[PDB]
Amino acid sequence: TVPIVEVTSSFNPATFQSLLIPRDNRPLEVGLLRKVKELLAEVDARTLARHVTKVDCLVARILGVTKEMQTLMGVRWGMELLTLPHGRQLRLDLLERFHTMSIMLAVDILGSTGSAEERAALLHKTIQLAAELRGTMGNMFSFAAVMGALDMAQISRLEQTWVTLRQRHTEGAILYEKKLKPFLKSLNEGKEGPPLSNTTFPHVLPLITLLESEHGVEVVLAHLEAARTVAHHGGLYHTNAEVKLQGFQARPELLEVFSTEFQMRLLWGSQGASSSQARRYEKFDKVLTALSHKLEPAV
């Protein structure tokens, strides 16, 4: 009776409709890739950050949570829900969101075919997005999804792009190598995380990856104990997030871009977006490495 157990994913690509995504779309339609690149480009890294954080928090049930939602969950906050055994579907949804986002960001980058020099500038802006997510937004979720993009083999081998990032965007490149990267390495090794007082979406990827099935017995217990602080703090993250976004003036199209359903359809097309995640992900890993090689050949 009382609380329920979500058995089906809360994302349904096949039923998503919009002006951007028409009924029977093809995967990676050029016009749409172009619009998405345009939409991302139109706006600075900070507003990019504000936008994803909003959506991130809605999906994770940090924001937009009714009492009727709470009753069905059995708990007040999605943060709490994802430690519980029935939080399984949430955990899986956040995992689709995470990797699918990283793909989106990576594709925009490999879609920047003008020159290593334009690409570097786009790479520099992706890093600015990750720095903003981490610092301004205190959103560890998309912060790590963005770093995830910057670290795919297919992106990190763009040597021309990285060298030129080092030449033209020297502050950026250092920030990435010397600040962001090693911060993320800590978070994942269960070391001290971000000040709870600026946090809006805590680091929960190690946890949800564990509970779905690398680490050593000691950090494993470190992520689990930490997750109790997290679950106990669902009301703090909601607060922070609501205060950090009071006065937020969202651009609809931008929200669409940062929506997982929009991404699944964009990336895999209707039909394709319904295939399994393993298959969707397998096939794209190849699509990336090919773009990457066309852009900067290995030979």
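The numbering used is simple: start at 1 and walk along the sequence shown.
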In the entry, residues of the deposited sequence missing between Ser213 and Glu214 amount to 10 or more
Per the PDB entry, mean CA B-factor is higher for 185-193 or 128-136, namely for 185-193
Mean Cα B-factor check, 141-149 vs 109-117, entry values; winner is 109-117
Note to self: of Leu255, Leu32, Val65, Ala60, the C-alpha temperature factor tops out at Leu32
Per the deposited B-factor column, the C-alpha that peaks among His203, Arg91, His223, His169 belongs to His169
Here the Cα B-factor of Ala241, set against its chain, lands in the third termed lowest
Entry-reported C-alpha B-factor of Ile174 relative to its chain, by third, is highest
Sorting the chain's modelled residues by C-alpha B-factor and splitting them into thirds places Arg26 in the highest
Split the chain's modelled residues into thirds by Cα B-factor; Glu218 lands in the highest
Sorting the chain's modelled residues by C-alpha B-factor and splitting them into thirds places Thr83 in the middle
